[PDB]
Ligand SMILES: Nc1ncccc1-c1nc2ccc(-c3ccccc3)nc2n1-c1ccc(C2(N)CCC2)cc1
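First, one chain by itself in C-alpha cells, the form deposited without the named molecule.
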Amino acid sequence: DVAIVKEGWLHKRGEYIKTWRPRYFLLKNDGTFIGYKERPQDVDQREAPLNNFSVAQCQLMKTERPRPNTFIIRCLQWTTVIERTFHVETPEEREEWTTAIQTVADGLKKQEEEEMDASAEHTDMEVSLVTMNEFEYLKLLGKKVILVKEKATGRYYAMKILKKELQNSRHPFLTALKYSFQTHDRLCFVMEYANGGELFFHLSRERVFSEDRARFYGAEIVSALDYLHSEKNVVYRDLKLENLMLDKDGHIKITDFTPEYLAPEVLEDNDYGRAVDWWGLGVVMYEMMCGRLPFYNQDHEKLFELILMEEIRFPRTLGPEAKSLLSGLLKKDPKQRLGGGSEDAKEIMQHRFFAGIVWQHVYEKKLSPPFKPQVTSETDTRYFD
C-alpha cells in the first residue's frame, strides 16, 4: 500500500543552467521521490512527472551554499546514482524535508531485511558460503586504457583500468564488455578492441562526409540504438562522435573508453528519455554532413541558450532528405522529435533518407564501408591520439 509521506514545493537547482526551478515533489513510503510542474491535485492527476527519483540508500547534507536553507541528496534514478540540490524558504522546512526523506529511507532498509528473511532459501541458511595473472600488457591507448592479449586464448582486448573513486549486451555495432573483475583499489573492464580509430578524427581529416558515407554510419548507429531500446530497454545517453569508433573493416563500434550534445529536455532538468538518443544521432549526423556542430559557442551560457531557443541553419549543400532527417531528429520537444513516438527507431528507419535500405542487411554487416582503415595488425595503434 503506497502512500504519500510528504509533498510540497521545492526549488531544484539546474544541473547545467544557473537557475532554480520550482517543482512540486511527492515523497512516498516506497521511496519514490517524484517531481511535477504543478500539484497533481490542481491538474486532475492527468500530467506525467518531470523527475522520478528514489531515496533508497540516500545520503543527505544540509548546507548554506549557494543559498541558505539548501540540502543536497545523493539518491538514485532507476539504476543511476545522482546528486541533486534543493532549496526551501526556511530552516524549519528544510529540517522537515531532510527528516522525512531520512525516515522513509530507514524504513526501506528494514523492509529490505524483512524481505531477505522471507525469501531466504535452504542454501542461504548455511553457516558459511578472472585476474591480472591472465592477460599480457602491450601498449596504451587513453589517459587509462591499455592493450592486452589474453594468455589463455591468445585473443586481443582493450582493458580499461580505473582507480576506485551494459554488461550482457551483444550487438555487431556495440563494443562487447567481455570480462569484468576488480581488486581492492582498481576496477577492470576487458572489452573488445576496435583498432580502426575514432570517427572524430576521421571526420576531422576529411572535413565533411558525403551523404552516402553519413548514411552508412547513421544506419549502423540506428541499428544499435534499436537493439538497446527494444531489447534491453536502455537509453544510451552518451551518443557522441567521440564514442564512435571503427573496427578494422570500417564498421561502427559504439565505445565508452561535451556540452554541445546536450538535448533540450536535459538542459531543462527533465529526466532522460529514449528521445535523447535520437537528438544525439541528429547532432553526430549534422556534424558528419556539414563539417561542424549545429550549435556551438565558447560561452556555455550562449551554447545552452542556442540549443534551447535558436533555429538550426542548414547549408545549401544538404539535400532535402538530409535536411528533413536532421530537422526531425533535432526537434526541441522530445514528443515531436523523430523517434520520440511509440515506434521509436522505426520512425527513423522508415524516413526517406534511408529509403531502399533493408535493415536486416544492416544488422548483417552487408553495407559497404566507405572507408577501410589501413591497420596492418590488431596491435596497430596508428589511429589513437
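Start at 1 and count along the sequence shown; that's the residue number. Rigid core (definition): largest C-alpha set, two forms, superposition within 1.5 Å.
In all of the other compared structures of this protein with flanking residues present, residue 342 is modelled, so it falls below the one-third mark for missing coordinates. Compared against other deposited entries of this protein, residue 43 counts as often unmodelled, lacking coordinates in at least a third of those that resolve the residues around it. Missing coordinates between residue 165 and residue 166 amount to 10 or more residues of the deposited sequence. The stretch of deposited sequence separating residue 272 from residue 273 contains no residues lacking coordinates in this entry. Note on 177-185 vs 261-269: mean CA B-factor is higher in 177-185.
On average the C-alpha atoms of 154-162 have higher B-factors than those of the other stretch, with 154-162 and 307-315 being the two compared. Each of 92, 198, 301, 247 has a CA temperature factor in the record; the biggest one is found at 301. Reading the B-factor column for the CA atoms of 220, 212, 136, 277 in the entry, the top value corresponds to 136. In the deposited entry, the Cα temperature factor of residue 107 sits in the middle third of values across the chain's modelled residues. In the deposited entry, the Cα temperature factor of residue 132 places it in the highest third of its chain's modelled residues. In this PDB entry, the Cα temperature factor of residue 45 sits in the top third of its chain's modelled residues, the highest group. Residue 291: CA B factor in the lowest third of modelled residues in this chain (values from the PDB entry). In the PDB entry, residue 243 places in the middle third of its chain by CA B-factor.
Unshown form deposited with the named molecule bound; subsequent notes refer to it.
In this form the binding site is blocked, since the named molecule, overlaid from its pose in the deposited bound form, puts three or more atoms within 2.4 angstroms of backbone or C-beta atoms. Scanning 90, 80, 153, 230 against the named molecule in the deposited bound form with a 4.5 Å heavy atom cut-off leaves one residue, 80.
A single residue from the set 101, 263, 254, 148 has any heavy atom within 4.5 angstroms of the named molecule in the deposited bound form; that residue is 254.
Using a 4.5 Å cutoff between non-hydrogen atoms, residue 175 counts as a contact of the named molecule in the deposited bound form. The shortest heavy atom separation between residue 238 and the named molecule in the deposited bound form is within 4.5 Å. Not displayed here, the named molecule is kept clear of residue 138 by more than 4.5 Å at the level of heavy atoms in the deposited bound form.
Taking the partner from elsewhere, residue 51 is found to have a heavy atom lying within 4.5 Å of the named molecule in the deposited bound form. Note on the interface: of 80-88, 178-186, 199-207, 310-318, the segment with non-hydrogen atoms within 4.5 angstroms of the named molecule in the deposited bound form is 80-88. In the core-aligned comparison between the shown form and the other one, the C-alpha of 75 is the only one from 174, 194, 290, 75 that shifts by 2 Å or more. After superposition on the rigid core, displacement of the C-alpha of residue 242 between the shown form and the other one stays below 2 Å. After superposition on the rigid core, the Cα atom of residue 9 is displaced by 2 Å or more between the shown form and the other one. Once the rigid core is used as the reference frame, the Cα position of residue 88 differs between the shown form and the other one by 2 Å or more.
Between residue 65 and residue 299, the Cα spacing is larger in the deposited bound form than in the shown form, differing by no less than 3 Å. Relative to the displayed conformation, the Cα-Cα distance from residue 265 to residue 76 grows by 3 Å or more in the deposited bound form.
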